[PDB]
């Protein structure tokens, strides 16, 4: 049998078992059975490899749901949205009055107004948790029909109950086309959701069910044999979306009124990225509903496997330690302070004098400036020897006799200007003024007369003279010896019986010596504060006035300071033009015209005259004067007679110069003069002049002007843009975007040329390569030549890793590639402002640069050979969108906004509300998103706690708290993670192919040394869409492509279905399986989390991902990784342009490299055939 040593061994083994029992009794009442826990974990693993990966569902709690509703401002309708009420009776806060959920909608929905749920706890034994529940679900239909459901559960303290309620909305019919969009070359359709004149589109249903489970922990611990958990799904309501009604469920209108603390409520939703018409078949609709339900039930069952495993024995877990908020905050604060110091450095420029480049031209123009008066002077002491002259215009027909018998008189008429004629003024001439600058010319005037004889002008019909009576004198008595005694009376018109009082006096002429002297011109600048420097420009000046002129040549320009009386001091550049004007040489061609009458009207002198009688008995002399004449007109009137040899009718009018010029007229326009060079008249001449034709011409100085100039004009700087960045940024991304916006100014405009941009990029690449301390580039060229040639090389993965590491380390090259891409794309600045708070990541741009350059140098062709066509180039080249970063950016900006960004002068704010994605928040990425999703589905990831009760604790309370802790700590890991990489193609006038690459991995095993059919594995697919249609609201409509056009056969579809839905489609044809796979991936990731980067997708990184999707590696993820998220995070690093992970085998990245180089080479060969 067994010896005595064996008996000692047996006794010590039994003693050790008793020590274990002691320890277990010391710790608590929970079981600690290692072997049962291990079998439980292996069985839960075997189950978990069957939880579907598809469809894509996005779980939100109450908080993120309200944030998302605040974000999204367009129509927000989800194909399936499941509101899950979940709770563990150990975590419910039993102190509450009621355990409730009540959430309602504020609009009309075909099936739904409110949903109310109340949990009642009939029995609860807290020593060994034995719960008896009663859930009562109450739903109210829109017509106020109240429907009741009941559910009763008996079980344990730590087991979960889920009540799921789905509101289905299927888009079954779009109506149209109702025209054609012109900005997007697509037909226009309409989507009728509300009570309108049209036929409804959306068909609405519902689906209500309860999930509960029994973890057989107690009888496992009793019988000491394992027993798989049992999960039971109870159906309660399923209304298929058959008929089409108005007013579907919009998720901006759902209000979540009340939820008792301790209850877990999530919203699980799949919203289409673009609107897509569903399938009207009954079986298809019901599969679409049941796939959602199956994924939710699968996640629930996985969580319950975790809870059973933790209840059976001790499982230790490490919570994923969080990122450092405080260290990143310190780093960003230091960067901000560096920006502030750069601003402080730039602020010194406000103490210096800064200039700008100035350039313009002024054309041949006509301009007019008039003097104070026309050039006129009067010789003094001018006496007239004719019968009719300046003063007296009297008939001999009228009755006027003197002491001679019928003897007419002999008049003398004298003109006497009072004062000196000298005038010396220098003018401030105004030629041109403008918003930006204003030119003023200058000169001076010189006047003094030369001595020459007077000039008389003859009127054939002279006007109303100042000497014009009605009656002059009467005869009273005659003498035999003495002679006829006269009684002179000098009344003049106008008299008491008249209208339009008048008067005028003839003005003699002589010629003076005019000297109009120019020495300078001056242009003022509005914003110039001091002397401009580097003055340049060329001028020629030519005059015309009178009959003579000056032509002057001035070329040198110099800065100058002066002041004007209207705006103050002015700064600019002046021209030395020195000359002198003298027209006495030949002024004599205006002799023909020139009779000038001076307007003098008053009513004061009406009927007044001199009274005296002189003759026989009275002496021959009188001496007195009437001086109202002097008051009214600044001179004297003379009338005096003598007896002697001959008589003179002395009539003398005396005038002042200034009053004379106060009313001067230029009548006799009968023979009118013309410009010295026959130029059009400048609106101070012959422009409805109405007798005013010569005073201006002898007043206005009209000249010819053309010329141009250049200089550097000082200016005050304001706030420099670095001070602006320091004063109003919020973030380091805004500092980066402001730096990009500023550097778009320093770059040349030679780059808006395709050839020059390619040359610049080649120079940047040569700089990048020449600076490398290692020779990885030559071996990368060797690998690319092997691949192009068709041989297989094992270390292409290491070649790729070296290239990606180098690009990640050379950030200057990446920044300059990004800057040139931003400069040369259509509307770079609009794009940078569209980015908002995010950055475009420049890694993928430089990565594509390096790839294309290596293949081109391998085949030895320049890149301008493949880039030939007409603009926009990507519509006329089958490869330009693939190898050029600028064309790819242009295509993506055209696709994203449906060409609304090519609208003129559109601003980013107006443009950002024009995205073509369904349910586009204002917080979403302009470019198609690229991220990893890792979140639990159907329940939260933290429990809702309680505060410690302030009474005295009870042992059953302690036990209940321990059970809650054990059921919740470490059991809420997500069952999978996934990544999406979407890429767009432009195929014809208004058609695109959107190729969306899904890739996800299930939860990693607790036991990884098993065979591959029991371990976590990956599953991916590439589903292609086609964008032909658009709505009257500016959003696209997708038509989904079959499995053939995606590159899959029947067997490939079989394998993909098994990989993605966890099971064999039993009774599904390949058409139905592909419908499932395609319709499961189009959903969208809805979240409140913000990204801070923008990534540009490429065809060839798409081929790299397709390599993992089509030929997956033979890899044991559970032994290599620690988290299913790490794998998709590594693949996401690779997709974003970084290097492959070192956890992978060599051949994985080898095959990725070769696939991308092969794809690019085949494209370039097919393009070469042209």
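Below are the figures for this structure:
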{"read-out": "Angle in degrees between helix 796-809 and the longest Cα principal axis of the chain, rounded to the nearest 10", "value": "40"}
{"read-out": "Viscosity 1.002 mPa s, temperature 20 °C, Stokes-Einstein D of the range 540-643 from Kirkwood C-alpha radius, µm²/s", "value": "100"}
{"read-out": "Added length on full extension, which subtracts the Cα-Cα distance from 0.36 nm per residue, residue 679 to residue 173", "value": "174.6 nm"}
{"read-out": "Ratio of Rg to Rh over the range 713-799 (Cα coordinates, Kirkwood Rh, two decimals)", "value": "1.22"}
{"read-out": "Cα centroid separation, the range 946-1014 to the range 606-636 (Å)", "value": "127"}
{"read-out": "Ranked by how many other beta carbons lie within 10 Å on average, peptides 48-55, 489-496 from highest", "value": "48-55, 489-496"}
{"read-out": "Stokes-Einstein D (µm²/s) once Rh is taken as the Kirkwood radius of the range 694-849 over alpha-carbon pairs, at 20 °C in 1.002 mPa s", "value": "106"}
{"read-out": "Average Cα contact separation per residue, the range 369-710, under 8 Å, 6 or more apart, as relative contact order %", "value": "23"}
{"read-out": "For the range 175-240 versus the range 550-570, the gap between their alpha-carbon centres in whole angstrom", "value": "82"}
{"read-out": "Approximate shape of the range 369-710 as ellipsoid semi-axes (Cα gyration tensor, √5λ), whole Å, largest first", "value": "55, 19, 18"}
{"read-out": "Per-q log10 I(q)/I(0), the range 139-283, q = 0.09, 0.15, 0.20 Å⁻¹ (Debye; single scatterer per alpha-carbon; no solvent)", "value": "-0.48, -0.98, -1.37"}
{"read-out": "Global geometry of the range 479-573, whether rounded, prolate or oblate, following the gyration tensor of its Cα atoms and the 1.5 cut on a/c", "value": "prolate"}
{"read-out": "Per-residue Cβ neighbour rank within 10 angstrom, fewest leading, 10, 655", "value": "10, 655"}
{"read-out": "Simple spin-label estimate for residue 1168 and residue 429 in nanometres, 7 Å along Cα-Cβ", "value": "7.4"}
{"read-out": "Shape metrics for the range 1-91, restricted to C-alpha atoms - Rg then Dmax, Å", "value": "26.4, 85"}
{"read-out": "Mean projection area, nm², convex hull over Cα of the range 1044-1148", "value": "8.9"}
{"read-out": "Förster radius 22 Å - calculated FRET efficiency between residue 566 and residue 688, Cβ distance, rounded to 0.05", "value": "0.15"}
{"read-out": "Using a Förster distance of 56 Å, the FRET efficiency for residue 1111-residue 728 (Cβ separation, nearest 0.05)", "value": "0.60"}
{"read-out": "Scattering profile of the chain at q = 0.06, 0.07, 0.09 Å⁻¹ [log10 I(q)/I(0), Debye over alpha-carbon scatterers]", "value": "-0.71, -0.84, -1.16"}
{"read-out": "Per-pair calculated FRET efficiency, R0 = 35 Å: residue 667 and residue 404 via Cβ, rounded to 0.05", "value": "0.40"}
{"read-out": "Helix-derived mean residue ellipticity, 222 nm - over the chain, DSSP H n ≥ 4, -39500 (n - 2.57), to 500", "value": "-9000 deg cm²/dmol"}
{"read-out": "Relative contact order of the chain, pairs being alpha-carbon contacts under 8 Å that are 6 or more residues apart, as %", "value": "15"}
{"read-out": "For q = 0.15, 0.23, 0.29, 0.31 Å⁻¹, Debye-computed log10 I/I(0) when each Cα of the range 565-608 counts as one equal scatterer", "value": "-0.80, -0.99, -1.13, -1.12"}
{"read-out": "11, 863 arranged by Cβ crowding within 10 Å, fewest neighbours leading", "value": "11, 863"}
{"read-out": "Part-to-part distance (alpha-carbon centres) for the range 1120-1170 and the range 342-358, which is given in Å", "value": "49"}
{"read-out": "Computed label-point distance, nm, for sites residue 771 and residue 1088 using a 7 Å Cα→Cβ extension", "value": "4.4"}
{"read-out": "Whole-number D in µm²/s for the range 137-211 (Stokes-Einstein; Kirkwood sum over Cα pairs; 10 °C, 1.306 mPa s)", "value": "94"}
{"read-out": "Cα-projected label distance for residue 127 with residue 708, points at 7 Å along beta-carbon direction, nm", "value": "10.6"}
{"read-out": "Ascending count of other beta-carbon atoms within 10 Å, so fewest first, for 610, 777, 618", "value": "618, 610, 777"}
{"read-out": "In degrees, nearest ten, helix 754-770 long axis to first principal axis of the chain (Cα)", "value": "50"}
{"read-out": "Value of Rg/Rh across the range 245-341 [Cα atoms, Kirkwood radius]", "value": "1.16"}
{"read-out": "Per-peptide average of other Cβ atoms within 10 Å, ordering 972-982, 659-669, 705-715 highest first", "value": "972-982, 705-715, 659-669"}
{"read-out": "C-alpha long axis of helix 843-859 to longest principal axis of the chain, angle in °", "value": "90"}
{"read-out": "Zone of residue 252's modelled label, taken as backbone nitrogen in the range 894-923 under 12 Å from a point 7 Å along Cα→Cβ", "value": "919-922"}
{"read-out": "Contour excess over end-to-end distance, with Cα ends at residue 29 and residue 969 and 0.36 nm allotted per residue", "value": "336.6 nm"}
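FYI, it's all coordinate maths here, none of it is from the lab. All Cβ positions, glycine included, derive from the backbone under ideal geometry; neighbour counts span all protein chains shown.
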